[PDB]
Amino acid sequence: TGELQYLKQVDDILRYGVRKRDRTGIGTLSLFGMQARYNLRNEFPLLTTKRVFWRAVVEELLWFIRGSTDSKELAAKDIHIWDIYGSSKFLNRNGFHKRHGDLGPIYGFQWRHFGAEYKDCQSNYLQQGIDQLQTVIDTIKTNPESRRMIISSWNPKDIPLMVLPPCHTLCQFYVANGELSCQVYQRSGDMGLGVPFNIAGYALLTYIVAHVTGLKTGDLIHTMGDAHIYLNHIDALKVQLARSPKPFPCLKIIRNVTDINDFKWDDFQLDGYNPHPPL
Amino acid sequence: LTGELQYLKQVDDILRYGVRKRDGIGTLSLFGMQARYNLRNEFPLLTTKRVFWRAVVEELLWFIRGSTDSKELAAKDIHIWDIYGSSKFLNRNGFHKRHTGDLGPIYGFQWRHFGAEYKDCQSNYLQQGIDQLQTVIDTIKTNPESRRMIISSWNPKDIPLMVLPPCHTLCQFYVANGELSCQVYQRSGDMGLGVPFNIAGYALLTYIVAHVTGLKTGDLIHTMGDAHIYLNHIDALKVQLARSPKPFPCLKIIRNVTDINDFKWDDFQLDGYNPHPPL
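Residues numbered from 1 in each chain as written, not as in the entry; some residues may be left out. Chains lettered and ligands numbered in written order. Heavy atoms only, no water.

As recorded in the PDB header, X-ray crystallography is the method behind this entry, and the stated resolution is 3.100 Å.

Set out below in structure tokens:
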């Protein structure tokens, strides 16, 4: 059950799902404490039930990793998924003061820089805060077994300064028999979009540290907080589970990369991803 | 499938399928565990071995007003923290500037004051930091649906300044059908010792806030990171799984408490608890 964890997850949110209300006002079917374990050995968990956005996932992570916070830098990659928050209008009438596209101390600030006072995006924070992103790489061959290897996006004092609180709060890593495995806690998840993107995103994150640390890839545990389906997309999702999912792709890396920050989207070669066409 | 049984299978699975390690002390370990505990009309306090109830209650009350003092727990003859608050242990790692019974910002202080300046336990930090708790309490009354109700103990800011990194790293709450739920992240836990103890901790917290808010208690999802079983106890617990767990006891709260630490040991009446005997 590599692919079919997701599939019943969203049937369980239908049959047994509880009406709750979204923060937009649209009602959702809800469920708690979901748990999936995805297999990163000789496979990659890009779900073939619906075409995932692969460009966004990669270039968002490399945006997380480099310790960059901005709307432009993803925009510059022609990935506009965050650009709705960076705005003259969004920021300002959401009660923001001065800077003309900061996202606040969003993810990737809170990875490489933690507790660092936030002025604005492109003021460089090097040697500020605590860098979680790798204190783990530093940990991984220091003490491979450990309970300590964690990256926490939750910093509640900085959260009134973020444009949105982190939807995936944290991840922790684990080392057994020459293989790495990461569990990420997603406090809110959207089975439609949010989640399978998260599965791509965090699964990718291990694959990096895989050849970095010589370690193969064990597995990915995607743990959920509130898991939900929007009421509209039911009839649209119900056809999506009507589909027999097709086998998982493999991910490759051509460039041997020693530095966690030095990655970019042309490093990443995928093998055989053929999802189903939407409506 | 449910409750304490699900706690044996974790035990079951790890014994068979775990990973031999070091610490130091060897152990068998597995990663990414989750399970559910029904908080409706019974208290998931574990029956295959006796869990310390006044430890669990009094630790939390002392988490709740956030004070961290070994001296505060010890007079109540609950001392789990003396090993960590004693000046033979303090003076080992650089606590040479620290008083006996003092620990650090961990848990309670973080709950009640976050991002604050940690001075010492003789000092009263009210008017300072930010509180994760009473905000969470006050959210459920105003906007209960929010998926951003979260308390995480992980603050690499004060991590070097606490005796040990927090074992239970975060929780989340939930509201559906007037039933408040809670999901605890443990980064490490002992299937025989620490886990059952912190299953009955957050259980009670769910209950307290439920009571404080006026919502019923639905369910407790136990989320685990590395979950280990020491080879010190390896055999003694295979006869502990031989037993069939007895039904869960029933927590009641006597005095009506509008406030969160007004709570005292005496408010808690626990009916039906008959755990299995030593060995």
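Let us look at the UniProt feature "active site" in chain A. Under the local residue numbering, the UniProt record ascribes the feature "active site" to A:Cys167. With residues near it in sequence (within four places) discarded, A:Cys167 still touches A:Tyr107, A:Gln186, A:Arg187 and A:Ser188. (UniProt positions renumbered as here; feature names shortened; annotations may be inferred. Contact = heavy atoms within 4.5 Å.)

Another aspect to go through is the UniProt feature "active site" in chain B. Residues and elements named next belong to chain B. UniProt's entry tags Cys167 with the feature "active site", counted in the numbering of this structure. Checked against the element boundaries, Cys167 lands in the loop between β4 (150–152) and β5 (168–176). Sequence-distant contacts of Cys167, defined by excluding residues within four places in its chain, comprise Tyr107, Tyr185, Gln186, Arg187 and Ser188. (Helix = DSSP H or I, 4+ residues; strand = E, 2+ residues; numbered from the N terminus.)

If you trace the backbone, A:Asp22 turns up in the loop between β1 (18–21) and β2 (27–31). Classification of A:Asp22 by relative accessible area gives buried; the value is 1%. Here B:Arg147 takes part through its side chain, which lies 2.2 Å from a polar atom of the side chain of A:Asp22. If near-sequence neighbours (up to four positions away) are discounted, A:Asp22 is found in contact with A:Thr28, A:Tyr230 and B:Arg147. (Buried < 20%, exposed > 50% of the residue type's maximum accessible area, 1.4 Å probe, protein only. Polar contact = N/O pair within 3.5 Å; in protein donor to acceptor, adjacent residues only side chain to side chain.)

Turning next to the interface of chain B and chain A. Tallying the contact residues gives 50 residues for chain B and 45 residues for chain A. On the chain B side of the contact with chain A, B:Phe31, B:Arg147 and B:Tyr174 bury the most area, a combined 22% of that side's loss. Counting every contact that joins chain B to chain A gives 2 salt bridges. A salt bridge links B:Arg147 to A:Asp22; the shortest N-O distance between them is 2.2 Å. At the junction of chain B with chain A, the criterion picks out 16 residue pairs in polar contact. Every element with two or more residues in the side of chain B that touches chain A is listed here: β2 (27–30), β3 (33–38), β4, β5, β6 (179–190) and β7 (216–230) of chain B. Considered class by class, the residues forming the side of chain B that touches chain A number 21 nonpolar, 19 polar and 10 charged. (Buried area = accessible area lost by both parts, 1.4 Å probe. Salt bridge = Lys/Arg side-chain N within 4 Å of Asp/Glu carboxyl O. Nonpolar A, V, L, I, M, F, W, Y, C, P; charged D, E, K, R; others polar.)

The tally for this structure, following the rule as stated, stands at 28 aromatic pairs over all chains. A ring pair is formed by B:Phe43 and B:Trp53, whose centres lie 5.4 Å apart and whose planes are at 70°; its orientation type is edge-to-face. Of the two residues, B:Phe43 is situated in the loop between β3 and α2 (53–64) and B:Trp53 in helix α2; the sequence distance between them amounts to 10 residues. On the basis of relative accessible area, B:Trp53 is assigned to the buried category, the value being 10%. Here a set of aromatic residues connected by ring pairs shows up, and it is made of A:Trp63, A:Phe64, A:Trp82, A:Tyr85, A:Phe90, A:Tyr107 and A:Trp111. The residue whose ring lies beneath A:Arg255 is A:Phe263, and the NZ or CZ to ring-centre distance is 5.8 Å. In this structure, B:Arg54 is placed above the aromatic ring of B:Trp265, and the distance from its NZ or CZ to the ring centre is 5.4 Å. (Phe/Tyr/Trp six-rings, centres within 6.5 Å; stacked < 30°, edge-to-face > 60°. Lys NZ or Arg CZ within 6 Å of the ring centre and 35° of its normal.)

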